[PDB]
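Labels for the chains are A, B, C and D, by order of writing; each one numbers its residues from 1.
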């Protein structure tokens, strides 16, 4: 169908501008920011200024009540842009003023409109403050009762992965490729009418377990490309504690060429029910694309972290 | 006469699309799917969308009540396509949303219309979930009180047969030739007016014992082609436990050229009377086809597994 | 936006004389002096004479009540010039007549007009008098209850830094670059739309803690330019006791080219939360300027010295 | 501004005729004498005769009451010539008839007109008598209750300084240069608008401590030119007992070229506050003149000798 990504705040808009000018199929991007200076120079072709009568183009400050109230009084503006959609993604970095407050408001618009919403957040760095981590912890409660799926990319685990003195654009961009793989992973799943076919309906029942989520795409090629793709797709090194045990909903998609083997299918599916052996449901897909070469792809969604 | 195969669900349509573009004699195929994306690219010349007002062309999800209710409200649509027929086969992969629910509904249409129906199901893989096997076990009860003859091709026994790293298409396509052999075995029995002519009269009284069924066709050629055909046709490697002891209905068809020996018939009949020695009826047949070579064919139907 | 520096007294006018004829972007300068003899020859093209009916172009003497009452009666002139501004800096040298009295009055105009004001004072030399330091100590109370942020450049610590027999102009001119760095550092922070973006909103919430402040910009270039910039920006050698422990508000801006690294980022920020680990808020910024070379800049503002 | 020096008596006329025909900037001189014989031949272009109806142009004799009465009855003429001025200096040699009487009357005119007045006196020689020294002390007591600042050049200390058999004219011209240096130091204090700037206000509030005063200018050039100039400025060899301890008001002006060093200022101020460490106010100035050479000038005013 058609899908949308609403990235609120300046950091959420930073995820959007990378996605613009790529080859995009059936996806439109909306930028939300209380502060209008960040929306001045962006590659995204549409911009939304929220709280223009309450800030006149400025941010939310260190008090997120300014960012919460600015989005609250422009709830008329959020509903109009969210039309004709059935999957929205909330891109933000929690811990600040706007993204801590405005992102639940877009979720509140999303939940009021009967749409399936998934929020992607980044918990801040530890050195930037521990007192400000407290309301960032309470900001999770602000998002735990309004969003079906909590995607978290904590910044305290940013240095432990590729700690070779990478660029600040690169480690920020690594979290962006998590969300881009999340957006493109759902998009390639539903749009493609494979030999076996998963669409929106069994997508919807997976992350309705109301818990923490994790969704990324592992790509492998080789003789044992099935185990390398299954283990890469389940590995999310950019989280504090993934806590795969006690999950309540699993969604697996398999993509391979016409040389796809039952040994390849089982060994991807062999590692998925080891932690999902509890009283929980697992949805499995399969796709057979003839034009693309021997590269294999596995997309895994795991929601319901209890 | 004229026969029909109604394959519900996306996987059931995959069984149907295998049978298209072959040489077809007096057989029509109808494709049933709640999800309309799988019906977009199929070789079958006619498509039926069920639940179009309840899903807008989407699936049934992990809850099979959506698949059951979508088929229930289009019972007006199921009766119209099932007309002028006297043998329908229900092709589905059980354990999901639609095939768990919609296949009993097509059976309920079939039973209400006074037609002889046999349902072919595939119990899911063990790694895909054991909790979802529980309602798949209750899904057997959903089909045990609406279908005369239960055909099961469990996916847990897919590995033990030709486990040489076969393709996912090949392991799935093996079960489709089981149903194609089931359809073509009945059709070649009925359409041919051989030297001995089995027809509708003895066919109906065999599988009306209201139990599990098994329908395969063994082909052998050689000096002892009788025992190789009889033992292949009685062996169904794609089932959990065939349980041939305690059967209540046996239907046997023998096909050979004019060089047929009376010892060829007896030894095929000898291995069938061994396990059918209980208080049960056995129907046998004979065919004398002059044009075809020394290749011999044996079709055995065993319904009433108790 | 547009910002203003209000420099009262003759010495405060000397601070204004330094910044006139430089390349100025969005900043206007207003000169205040009760004594009109120092305003006779100034490089600034605009002047304000306060107390012309009470002194006729003369100073305030050793009694600052003359300097206080001269500004108090001409409060009509101070409000008219302070229009369309959102950030004013009070440049004065305390301990005299006018700057001891008139600078709180401009603050009183600033506080009445709903503007964010920071007052910058220089405590006098120790040899010029200790009795006159007593009301200069009491002049701190005169400014502690009217200005959000107290910037102090004491003259008793002037000799301990670059005590190589520097010029009187150079020892005085060092304190003017404290102001020029303070004014330009806030100016370059907001006027630039960086890749990450700070503006007035989180600026405003930092120094509203009603305490002593410190504002300097450390510039480093090299292999370990992160630690050299962070330690230079946190070091203010021109104060009595900086007292970083017990701060209530921190504002940090980071400027680098597109080769910016994580190992640059935390190592700047690691020295900031060592003393700001108490129950206080910390704001971090970041800018990515492509045109400029490998030189790196760090601007730190720390208000709320308790 | 514009300043005046009122010189009563023959010694005052000698001081005035010494200052006339020099290069004069903004200064006017008025010559007062009860005896017109000294006013017969003077280089000053304007003359005032007081007591012309009481003496017919003769002196006051050995009784100062005659000069006091003459000045009292020509107070009407005294008031008219003192107009438009803000600084007057009383030049007289005490111990005689006219100056001992007329100078307190000019002081009374100055105090009645709201002007800043400082009196310069010369206590007479010891060999001329001690009975007249008694009423010289009485005249000092008379002038102590009418003049803000008492400048004394006693003649008993005239021989102790440069005692190489100098002429009487040479010692008289030395005292005249003391008074001229006082007047001219005040002149280029108020007239010059230096980089730092002293004006009339702190001047007015310094010598209002109502005590003995001292006003001299020390000039030095060299490597340690600060200490030599400051010690020459503080040394007044032409007084009985300078009594720097217990002062109540200090006024210092510093003049140097653009090569002025901080250490010069430190050493000058350091040798000022040693005797000015009591509960007293110190006013410190600075000037930066670019055209003149490496010569340095220090002007020190110390009023309030207690």
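The rule is short, and it goes like this: contacts are C-beta pairs under 8 Å (C-beta built on N, C-alpha and C of every residue); 3 or more make two chains touch, one makes a residue touch a chain.
Listed by chain with UniProt protein names: A, B, C, D = Cell division protein FtsZ.
Asker: Can you name the chain that lies farthest from chain C, using the mean of each chain's Cα atoms as its centre?
Answerer: Max centre-to-centre separation from chain C belongs to B.
Asker: On a C-alpha centroid basis, what's the spacing between chain C and chain D, in Å?
Answerer: Chain centres of chain C and chain D, defined by C-alpha means, are spaced 44 Å apart.
Asker: List the centre-to-centre spacing of chain B and chain D in whole Å, with centres computed as mean CA coordinates.
Answerer: Chain B and chain D have C-alpha centres separated by 132 Å.
Asker: Using the average of all C-alpha atoms in each chain as its centre, how far is it in Å between chain A and chain D?
Answerer: Chain centres of chain A and chain D, defined by C-alpha means, are spaced 88 Å apart.
Asker: Taking chains as nodes and touches as edges, what kind of graph is this: line, ring, star, complete or other?
Answerer: line
Asker: For this structure, give each pair of chains that are touching.
Answerer: Applying the touch criterion to every chain pair yields A-B, A-C, C-D.
Asker: For a test of understanding, state which residues of chain D touch chain C in their complex under the given definition.
Answerer: Checking each residue of chain D against chain C gives 193, 195-202, 204-206, 256, 258-266, 269-270, 272-273, 276-277, 279-284, 286, 288.
Asker: Along chain B, where are the residues that touch chain A in the complex?
Answerer: That would be residues 10-11, 14, 35, 37-38, 40-41, 55, 58-63, 66, 97, 125, 127-132, 158-159, 165-171 of chain B.
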